[PDB]
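Student: File entry_12.cif follows (mmCIF, C-alpha atoms):
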```cif
data_my_file
#
loop_
_atom_site.label_atom_id
_atom_site.label_comp_id
_atom_site.auth_asym_id
_atom_site.auth_seq_id
_atom_site.Cartn_x
_atom_site.Cartn_y
_atom_site.Cartn_z
CA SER A 657 41.20 -31.89 -38.38
CA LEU A 658 38.25 -31.56 -36.01
CA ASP A 659 39.95 -34.02 -33.65
CA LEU A 660 42.88 -31.60 -33.44
CA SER A 661 40.47 -28.95 -32.17
CA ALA A 662 39.10 -31.61 -29.83
CA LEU A 663 42.65 -32.40 -28.72
CA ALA A 664 43.17 -28.74 -27.80
CA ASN A 665 40.02 -29.04 -25.68
CA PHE A 666 41.63 -31.87 -23.70
CA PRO A 667 42.73 -31.15 -20.11
CA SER A 668 46.05 -29.30 -19.89
CA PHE A 669 47.13 -29.88 -16.26
CA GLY A 670 44.20 -27.83 -14.92
CA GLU A 671 40.83 -28.39 -13.25
CA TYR A 672 38.86 -29.78 -16.20
CA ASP A 673 35.48 -31.50 -15.99
CA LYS A 674 34.21 -35.06 -16.47
CA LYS A 675 32.75 -34.37 -19.94
CA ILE A 676 36.13 -35.25 -21.49
CA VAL A 677 35.55 -38.88 -20.43
CA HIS A 678 32.72 -39.07 -22.98
CA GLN A 679 35.20 -38.25 -25.76
CA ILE A 680 37.66 -40.70 -24.19
CA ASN A 681 35.04 -43.46 -24.41
CA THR A 682 34.37 -42.40 -28.01
CA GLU A 683 38.03 -43.03 -28.86
CA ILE A 684 38.13 -46.21 -26.74
CA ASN A 685 35.06 -47.60 -28.53
CA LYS A 686 37.05 -47.52 -31.80
CA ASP A 687 39.34 -50.31 -30.50
CA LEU A 688 37.61 -53.14 -32.38
CA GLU A 689 34.57 -54.05 -34.44
CA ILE A 690 31.46 -54.88 -32.41
CA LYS A 691 30.65 -58.59 -32.41
CA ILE A 692 26.92 -58.05 -31.84
CA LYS A 693 25.60 -61.58 -32.36
CA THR A 694 21.83 -61.06 -32.53
CA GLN A 695 20.31 -57.80 -33.74
CA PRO A 696 17.67 -56.43 -31.33
CA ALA B 59 15.63 -67.41 -11.33
CA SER B 60 17.39 -69.59 -13.91
CA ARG B 61 19.02 -66.47 -15.37
CA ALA B 62 22.80 -66.69 -15.74
CA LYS B 63 24.60 -66.19 -12.43
CA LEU B 64 26.47 -62.92 -13.00
CA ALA B 65 30.25 -63.07 -13.05
CA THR B 66 31.87 -61.88 -9.84
CA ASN B 67 32.48 -58.13 -9.31
CA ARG B 68 30.18 -56.75 -12.01
CA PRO B 69 29.32 -53.08 -11.27
CA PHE B 70 25.65 -54.07 -11.21
CA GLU B 71 23.46 -56.55 -9.38
CA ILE B 72 20.72 -58.70 -10.90
CA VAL B 73 17.49 -57.51 -9.26
CA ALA B 74 14.28 -59.14 -10.54
CA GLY B 75 16.45 -60.68 -13.24
CA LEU B 76 17.80 -57.35 -14.48
CA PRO B 77 21.05 -55.41 -13.84
CA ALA B 78 20.47 -52.75 -11.20
CA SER B 79 22.29 -50.87 -8.45
CA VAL B 80 21.15 -48.77 -5.51
CA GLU B 81 23.17 -45.78 -6.74
CA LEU B 82 22.53 -43.93 -10.00
CA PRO B 83 24.35 -45.69 -12.88
CA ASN B 84 27.60 -44.01 -13.89
CA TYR B 85 28.04 -45.51 -17.36
CA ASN B 86 30.68 -42.97 -18.42
CA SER B 87 32.95 -43.90 -15.51
CA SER B 88 32.23 -47.63 -15.57
CA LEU B 89 31.78 -48.70 -19.21
CA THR B 90 34.51 -48.73 -21.86
CA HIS B 91 32.37 -50.27 -24.64
CA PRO B 92 28.75 -49.59 -23.67
CA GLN B 93 26.23 -51.28 -25.90
CA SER B 94 23.42 -48.98 -26.99
CA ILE B 95 20.08 -49.19 -25.22
CA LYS B 96 18.98 -50.59 -28.58
CA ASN B 97 21.70 -53.22 -28.20
CA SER B 98 20.95 -53.86 -24.52
CA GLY B 99 17.16 -53.62 -24.49
CA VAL B 100 17.33 -53.53 -20.67
CA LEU B 101 14.87 -50.62 -20.74
CA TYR B 102 12.52 -52.64 -22.96
CA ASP B 103 12.78 -55.68 -20.68
CA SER B 104 12.08 -53.46 -17.68
CA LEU B 105 9.02 -51.90 -19.29
CA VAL B 106 7.50 -55.21 -20.41
CA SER B 107 8.20 -56.70 -16.96
CA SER B 108 6.62 -53.68 -15.26
CA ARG B 109 3.42 -53.80 -17.32
CA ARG B 110 3.04 -57.58 -17.00
CA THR B 111 3.64 -57.45 -13.23
CA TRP B 112 1.04 -54.68 -12.90
CA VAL B 113 -1.32 -57.03 -14.74
CA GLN B 114 -0.40 -59.92 -12.42
CA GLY B 115 1.10 -58.48 -9.23
CA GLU B 116 0.05 -58.75 -5.60
CA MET B 117 -1.32 -55.20 -5.26
CA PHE B 118 -4.94 -56.37 -4.87
CA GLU B 119 -6.07 -59.67 -3.35
CA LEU B 120 -7.10 -62.13 -6.08
CA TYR B 121 -10.57 -63.65 -5.74
CA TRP B 122 -11.54 -65.20 -9.08
CA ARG B 123 -9.54 -66.77 -11.90
CA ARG B 124 -10.91 -68.29 -15.11
CA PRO B 125 -10.58 -72.08 -14.70
CA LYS B 126 -7.80 -73.54 -16.84
CA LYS B 127 -9.56 -76.06 -19.07
CA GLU B 138 -20.18 -82.60 -19.92
CA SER B 139 -18.10 -80.97 -17.17
CA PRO B 140 -20.59 -78.82 -15.21
CA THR B 141 -17.79 -76.29 -14.54
CA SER B 142 -18.98 -74.54 -17.71
CA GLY B 143 -22.36 -73.91 -16.07
CA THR B 144 -20.62 -72.04 -13.25
CA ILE B 145 -19.52 -69.22 -15.58
CA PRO B 146 -23.04 -67.67 -15.76
CA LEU B 147 -23.37 -68.16 -11.99
CA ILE B 148 -20.16 -66.20 -11.39
CA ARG B 149 -21.38 -63.61 -13.91
CA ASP B 150 -24.66 -63.19 -12.01
CA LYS B 151 -23.05 -63.14 -8.56
CA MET B 152 -21.52 -59.81 -9.63
CA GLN B 153 -23.33 -56.77 -11.00
CA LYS B 154 -22.10 -54.86 -14.05
CA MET B 155 -20.70 -51.32 -13.82
CA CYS B 156 -19.09 -48.79 -16.09
CA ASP B 157 -15.65 -48.37 -17.52
CA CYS B 158 -12.91 -46.44 -15.79
CA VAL B 159 -9.19 -45.73 -16.17
CA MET B 160 -6.28 -46.50 -13.85
CA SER B 161 -2.65 -45.39 -13.76
CA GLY B 162 0.13 -47.65 -12.49
CA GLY B 163 3.38 -45.77 -12.07
CA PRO B 164 4.32 -44.61 -15.57
CA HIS B 165 1.81 -47.15 -16.92
CA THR B 166 -1.95 -46.81 -17.39
CA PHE B 167 -4.75 -49.38 -17.55
CA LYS B 168 -8.50 -49.51 -18.10
CA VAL B 169 -11.15 -51.29 -16.04
CA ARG B 170 -14.86 -52.00 -15.93
CA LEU B 171 -16.43 -52.10 -12.49
CA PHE B 172 -18.24 -55.03 -10.84
CA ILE B 173 -20.12 -55.27 -7.53
CA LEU B 174 -19.86 -58.29 -5.22
CA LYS B 175 -23.40 -58.92 -3.95
CA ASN B 176 -23.57 -58.75 -0.14
CA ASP B 177 -26.65 -60.85 0.69
CA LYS B 178 -26.98 -59.36 4.18
CA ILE B 179 -27.55 -55.98 2.53
CA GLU B 180 -30.32 -57.56 0.44
CA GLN B 181 -32.07 -59.07 3.47
CA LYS B 182 -31.71 -55.84 5.46
CA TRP B 183 -33.08 -53.86 2.50
CA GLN B 184 -36.13 -56.12 2.38
CA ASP B 185 -36.62 -55.69 6.13
CA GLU B 186 -36.22 -51.91 5.80
CA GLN B 187 -38.80 -51.75 3.02
CA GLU B 188 -41.12 -53.81 5.24
CA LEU B 189 -40.61 -51.39 8.13
CA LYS B 190 -41.13 -48.32 5.92
CA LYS B 191 -44.32 -49.77 4.42
CA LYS B 192 -45.68 -50.59 7.87
CA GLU B 193 -44.75 -47.10 9.11
CA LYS B 194 -46.55 -45.45 6.19
CA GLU B 195 -49.61 -47.64 6.77
CA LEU B 196 -49.58 -46.75 10.47
CA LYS B 197 -49.25 -43.01 9.82
CA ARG B 198 -52.14 -43.03 7.32
CA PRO B 424 -44.30 -34.75 -27.88
CA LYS B 425 -43.34 -36.17 -24.49
CA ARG B 426 -41.38 -33.80 -22.24
CA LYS B 427 -37.76 -34.59 -23.14
CA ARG B 428 -36.63 -32.29 -20.32
CA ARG B 429 -38.08 -34.79 -17.85
CA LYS B 430 -36.06 -37.55 -19.51
CA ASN B 431 -32.92 -35.42 -19.16
CA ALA B 432 -33.78 -34.77 -15.50
CA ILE B 433 -34.21 -38.51 -14.92
CA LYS B 434 -30.87 -39.16 -16.63
CA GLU B 435 -29.06 -36.62 -14.45
CA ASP B 436 -30.80 -37.89 -11.31
CA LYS B 437 -29.79 -41.48 -12.08
CA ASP B 438 -26.25 -40.23 -12.72
CA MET B 439 -25.85 -38.38 -9.39
CA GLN B 440 -28.59 -39.99 -7.28
CA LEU B 441 -29.14 -43.76 -7.12
CA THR B 442 -31.13 -46.36 -9.02
CA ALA B 443 -32.59 -49.28 -7.08
CA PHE B 444 -29.48 -51.48 -7.26
CA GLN B 445 -27.43 -48.47 -6.20
CA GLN B 446 -29.99 -47.49 -3.56
CA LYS B 447 -29.58 -50.89 -1.89
CA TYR B 448 -25.79 -51.07 -2.41
CA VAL B 449 -24.85 -47.61 -1.10
CA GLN B 450 -22.95 -48.79 1.99
CA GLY B 451 -21.12 -52.05 2.63
CA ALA B 452 -21.22 -52.95 -1.05
CA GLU B 453 -18.30 -55.04 -2.28
CA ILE B 454 -16.25 -53.93 -5.30
CA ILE B 455 -14.28 -56.23 -7.63
CA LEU B 456 -11.54 -55.08 -10.01
CA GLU B 457 -10.86 -56.58 -13.45
CA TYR B 458 -8.39 -55.71 -16.21
CA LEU B 459 -9.99 -55.03 -19.58
CA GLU B 460 -6.77 -56.21 -21.26
CA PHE B 461 -6.69 -59.38 -19.13
CA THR B 462 -10.19 -60.46 -18.04
CA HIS B 463 -8.84 -63.69 -16.51
CA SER B 464 -8.21 -62.39 -12.97
CA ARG B 465 -10.35 -60.49 -10.46
CA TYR B 466 -9.01 -58.79 -7.34
CA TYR B 467 -10.40 -57.17 -4.19
CA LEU B 468 -10.26 -53.41 -3.76
CA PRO B 469 -8.10 -52.83 -0.63
CA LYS B 470 -10.27 -52.16 2.41
CA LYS B 471 -7.14 -51.13 4.33
CA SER B 472 -6.64 -48.20 1.97
CA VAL B 473 -6.85 -44.40 2.08
CA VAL B 474 -9.19 -43.04 -0.60
CA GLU B 475 -9.28 -39.39 -1.72
CA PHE B 476 -11.95 -38.26 -4.20
CA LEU B 477 -10.83 -35.17 -6.14
CA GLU B 478 -14.02 -33.35 -7.13
CA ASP B 479 -12.16 -30.89 -9.38
CA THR B 480 -10.30 -33.45 -11.51
CA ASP B 481 -12.59 -36.49 -11.02
CA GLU B 482 -9.46 -38.40 -9.97
CA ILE B 483 -9.25 -40.80 -7.02
CA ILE B 484 -5.95 -41.56 -5.28
CA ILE B 485 -5.64 -44.77 -3.25
CA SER B 486 -2.75 -45.43 -0.84
CA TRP B 487 -1.87 -48.59 1.09
CA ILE B 488 1.08 -50.30 2.77
CA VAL B 489 2.08 -53.77 1.54
CA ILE B 490 4.26 -56.38 3.28
CA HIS B 491 6.36 -58.74 1.17
CA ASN B 492 6.55 -61.47 3.85
CA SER B 493 2.86 -61.17 4.76
CA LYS B 494 2.46 -64.95 4.45
CA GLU B 495 5.13 -65.39 7.14
CA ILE B 496 3.25 -63.01 9.44
CA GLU B 497 -0.10 -64.70 8.79
CA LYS B 498 1.34 -68.16 9.50
CA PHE B 499 3.05 -67.01 12.70
CA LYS B 500 -0.29 -65.37 13.58
CA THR B 501 -2.02 -68.74 13.13
CA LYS B 502 0.60 -70.36 15.38
CA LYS B 503 -0.01 -67.73 18.07
CA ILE B 504 -3.78 -68.19 17.76
CA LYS B 505 -3.29 -71.93 18.24
CA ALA B 506 -1.11 -71.28 21.29
CA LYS B 507 -3.71 -69.00 22.88
CA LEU B 508 -6.49 -71.50 22.12
CA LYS B 509 -4.43 -74.27 23.72
CA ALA B 510 -3.81 -72.14 26.81
CA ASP B 511 -7.52 -71.33 27.14
CA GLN B 512 -8.37 -75.02 26.74
CA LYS B 513 -5.84 -75.95 29.43
CA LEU B 514 -7.36 -73.40 31.80
CA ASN B 515 -10.88 -74.62 31.01
CA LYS B 516 -9.77 -78.18 31.78
CA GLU B 517 -9.28 -77.00 35.37
CA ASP B 518 -12.37 -74.81 35.84
CA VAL B 529 -10.68 -61.32 20.24
CA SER B 530 -9.15 -58.71 17.91
CA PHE B 531 -5.85 -60.55 17.61
CA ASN B 532 -3.62 -58.12 15.69
CA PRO B 533 -0.37 -59.65 14.38
CA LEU B 534 1.15 -56.24 13.67
CA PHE B 535 0.88 -55.19 17.33
CA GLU B 536 2.42 -58.42 18.64
CA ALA B 537 5.94 -58.14 20.04
CA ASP B 538 7.08 -61.44 18.48
CA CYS B 539 5.91 -60.63 14.94
CA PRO B 540 8.64 -61.18 12.31
CA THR B 541 10.10 -58.08 10.65
CA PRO B 542 7.75 -57.00 7.84
CA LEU B 543 9.57 -56.26 4.65
CA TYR B 544 7.10 -53.56 3.65
CA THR B 545 6.42 -51.08 0.89
CA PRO B 546 4.05 -48.11 0.89
CA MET B 547 2.05 -47.86 -2.31
CA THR B 548 -0.09 -45.15 -3.90
CA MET B 549 -2.20 -45.16 -7.07
CA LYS B 550 -4.59 -42.76 -8.82
CA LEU B 551 -7.92 -43.68 -10.40
CA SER B 552 -9.62 -41.48 -12.98
CA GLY B 553 -12.98 -41.67 -14.71
CA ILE B 554 -15.36 -42.65 -11.88
CA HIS B 555 -18.75 -40.92 -11.68
CA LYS B 556 -20.30 -39.11 -8.73
CA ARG B 557 -22.80 -41.83 -7.79
CA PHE B 558 -20.07 -44.49 -7.62
CA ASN B 559 -17.90 -42.35 -5.32
CA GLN B 560 -20.41 -42.67 -2.47
CA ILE B 561 -20.42 -46.46 -2.81
CA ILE B 562 -16.62 -46.47 -2.88
CA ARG B 563 -16.36 -43.90 -0.07
CA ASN B 564 -18.74 -45.94 2.11
CA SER B 565 -16.96 -49.21 1.26
CA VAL B 566 -13.60 -48.49 2.93
CA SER B 567 -12.75 -49.04 6.59
CA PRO B 568 -12.80 -46.55 9.48
CA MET B 569 -9.81 -44.33 8.83
CA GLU B 570 -8.26 -43.77 12.27
CA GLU B 571 -7.99 -47.50 13.00
CA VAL B 572 -6.10 -48.27 9.79
CA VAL B 573 -4.01 -45.12 10.31
CA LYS B 574 -2.87 -46.37 13.72
CA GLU B 575 -2.25 -49.83 12.26
CA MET B 576 -0.14 -48.25 9.50
CA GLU B 577 1.83 -46.22 12.05
CA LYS B 578 2.65 -49.42 13.92
CA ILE B 579 3.60 -51.06 10.60
CA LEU B 580 5.82 -48.06 9.85
CA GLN B 581 7.69 -48.39 13.12
CA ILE B 582 8.09 -52.18 12.87
CA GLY B 583 8.41 -52.43 9.07
CA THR B 584 11.53 -52.79 6.94
CA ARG B 585 11.14 -50.43 3.96
CA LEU B 586 12.07 -51.65 0.48
CA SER B 587 15.31 -50.03 -0.71
CA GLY B 588 15.20 -47.82 -3.80
CA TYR B 589 17.68 -48.68 -6.56
CA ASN B 590 18.61 -47.69 -10.12
CA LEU B 591 18.65 -49.90 -13.23
CA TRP B 592 21.78 -49.88 -15.43
CA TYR B 593 20.21 -49.97 -18.89
CA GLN B 594 23.62 -50.06 -20.65
CA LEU B 595 25.88 -53.12 -20.51
CA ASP B 596 29.38 -53.88 -21.78
CA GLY B 597 29.34 -55.98 -24.95
CA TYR B 598 32.45 -57.89 -23.84
CA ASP B 599 32.25 -58.45 -20.08
CA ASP B 600 28.44 -58.85 -20.17
CA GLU B 601 28.09 -60.72 -23.48
CA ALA B 602 26.40 -63.70 -21.80
CA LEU B 603 23.96 -61.48 -19.91
CA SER B 604 23.15 -59.43 -23.01
CA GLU B 605 22.45 -62.48 -25.18
CA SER B 606 20.43 -64.10 -22.37
CA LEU B 607 18.23 -61.01 -22.10
CA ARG B 608 17.86 -60.91 -25.89
CA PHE B 609 16.82 -64.58 -25.99
CA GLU B 610 14.26 -64.14 -23.21
CA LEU B 611 12.84 -61.06 -24.96
CA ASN B 612 12.54 -63.08 -28.17
CA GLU B 613 10.61 -65.81 -26.36
CA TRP B 614 8.36 -63.25 -24.65
CA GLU B 615 7.51 -61.62 -27.99
CA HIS B 616 6.99 -65.02 -29.63
CA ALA B 617 4.44 -65.89 -26.95
CA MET B 618 2.81 -62.44 -27.05
CA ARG B 619 1.54 -62.79 -30.64
CA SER B 620 -0.38 -65.94 -29.74
CA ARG B 621 -2.22 -64.01 -27.03
CA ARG B 622 -4.13 -61.97 -29.61
CA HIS B 623 -4.20 -64.96 -31.96
CA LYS B 624 -6.27 -66.68 -29.25
CA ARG B 625 -8.91 -63.92 -29.44
#
```
Could you quickly redo this structure as structure tokens?
Tutor:
Amino acid sequence: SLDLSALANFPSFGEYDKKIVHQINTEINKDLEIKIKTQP
Amino acid sequence: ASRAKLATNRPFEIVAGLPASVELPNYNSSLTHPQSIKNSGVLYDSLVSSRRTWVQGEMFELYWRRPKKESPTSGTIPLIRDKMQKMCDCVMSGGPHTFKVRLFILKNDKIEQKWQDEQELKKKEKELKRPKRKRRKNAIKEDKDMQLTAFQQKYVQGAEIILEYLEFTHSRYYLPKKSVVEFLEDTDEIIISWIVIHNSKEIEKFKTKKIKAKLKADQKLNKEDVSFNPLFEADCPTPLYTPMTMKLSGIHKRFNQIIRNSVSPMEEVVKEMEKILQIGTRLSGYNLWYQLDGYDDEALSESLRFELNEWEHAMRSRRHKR
């Protein structure tokens, strides 16, 4: 539900700012589980 | 150096073994799956490297190192202890890092002989011309704190100062004579500035070659019938140079005179620096990328992690040796 509000925030053929790209990376990061071999 | 040769076209370069770029990192544009700084540890690696380098770097000329072990070389330890005089404990800041130091004087024997001669001259001049008060103890304490005791009265000017790290007593370095010293009376802080040349060995060796050439020419002329400054010479290789500045805090009034007397005539080094600044190549300023991609940089990430592990594994033994 909150993503739908986030979706309405998305650029709509205007002059929107870079900050969207952070959300984009958030969605992109979901692609696959993180194969972190050795914990820091 | 043996660190994994980065795959072609990475948005970073490996500087001092770590991923960095001249421009400010744009993670958001460049990384799809950025590992956390926790995951990367690049920041950690940078900090440890920084501190260690500050403990071991080339900022001050090294002069004594504890010999790596009825060998009489043991007997030399008290001799090296006595050849310096013992002085009080003072704090130093290195970039974002801070360090603590005790002070040690390098005994200039010429100052001792001249002091004996001066006492002789003063004695001969004078001969030719011819409960207990605690407040007095406080006066003597303050006088010895801002005036000079005998060892300080002889070593006012031309005394030689050695630096040592209280967290790493194994190395001793010379305080830069070619340095600008400012004593802040209000804050009791001292700022030292100096220019440093990364290929200084190249310049010194070329300088030796030129000195040999001039000596050979003079010998050839003599067969028939000098403030050599490498930085002024037209054929001197390009100095890769950096300007440096550092602040000291915690030094007491009496020591400031000794320090203030110890450094070189200012105009001469200023002119030398100006020449260095025209001829020098300045070190480029760059930005570390602390976040790496878990997929494209997996090898680099794991390599860093491994090296960090080894560093930490060694670091415990350092205190275990105490």
Student: If the PyMOL selection byres ((chain A and resi 690) around 10) is run on the structure shown, which residues does it catch, given as an NGL selection string?
Tutor: (:A and (685-689 or 691-693)) or (:B and (91 or 93 or 597-598))
Student: Would you mind listing, as a PyMOL selection string, all residues of chain A that have at least one atom within 7 Å of chain B, where all atoms listed in the file are what counts?
Tutor: chain A and resi 677-678+681+684-685+696
Student: Can you spell out as a PyMOL selection string the set of residues that the PyMOL selection byres ((chain B and resi 102-119) around 6) selects in the structure I just provided?
Tutor: chain B and resi 99-101+120+466-467
Student: Atom CA of residue B:164 and atom CA of residue B:73 are how many Å apart?
Tutor: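 Straight-line distance from atom CA of residue B:164 to atom CA of residue B:73 works out to 19.5 Å.
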Student: Name the residues in contact with stretch 173-180 of chain B at a cut-off of 6 Å, using all atoms listed in the file, excluding same-chain residues fewer than 6 positions from it; report them as number ranges by chain.
Tutor: B: 152-153, 453-455
Student: Determine, counting all atoms listed in the file, which protein, DNA and RNA residues have an atom within 12 Å of an atom of residue B:560; residues of the same chain fewer than 5 positions away are not included. Present the result as a count of residues only.
Tutor: 17
Student: Provide the atom CA of residue B:540 to atom CA of residue B:587 distance in Å, to one decimal place.
Tutor: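 Pair atom CA of residue B:540 / atom CA of residue B:587 returns 18.4 Å.
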Student: What does the distance between atom CA of residue B:182 and atom CA of residue B:563 come to in Å, to one decimal place?
Tutor: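 Computed distance, atom CA of residue B:182 to atom CA of residue B:563, equals 20.2 Å.
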Student: What lies within 9 Å of residue A:665 using all atoms listed in the file, ignoring chain neighbours under 4 positions off, as a ChimeraX atom specification?
Tutor: /A:660-661,676
Student: Since I can't run it myself right now, could you work out what the PyMOL selection byres ((chain B and resi 553) around 6) selects here and report it as number ranges by chain?
Tutor: B: 158-159, 552, 554
Student: What's the 8 Å shell around residue B:78, counting only C-alpha atoms, without same-chain residues fewer than 2 positions away, as a ChimeraX atom specification?
Tutor: /B:70-73,76,80,589-592
Student: Counting all atoms listed in the file, which of B:617, B:485, B:155, B:539 gets nearest to residue B:500?
Tutor: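 So, comparing all the options, the nearest one is B:539.
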Student: What are the centre and the three edge lengths of an axis-aligned box that wraps all atoms of stretch 72-76 of chain B in the file, given that 8 Å is added to every side, written as JSON and rounded to one decimal in Å?
Tutor:
```
{"center_x": 17.5, "center_y": -59.0, "center_z": -11.9, "size_x": 22.4, "size_y": 19.3, "size_z": 21.2}
```
Student: Looking at B:531, B:607, B:188, B:616, which one is nearest to residue A:694, with distances taken over all atoms listed in the file?
Tutor: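 Among B:531, B:607, B:188, B:616, it is B:607 that comes nearest to residue A:694.
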Student: For residue B:584, find every residue with an atom within 9 Å (counting only C-alpha atoms), except residues of its own chain fewer than 2 positions away, and show them as a list in words.
Tutor: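 Close residues of residue B:584: residues 490, 541, 542, 543, 544, 545, 579, 580, 581, 582, 586 and 587 of chain B.
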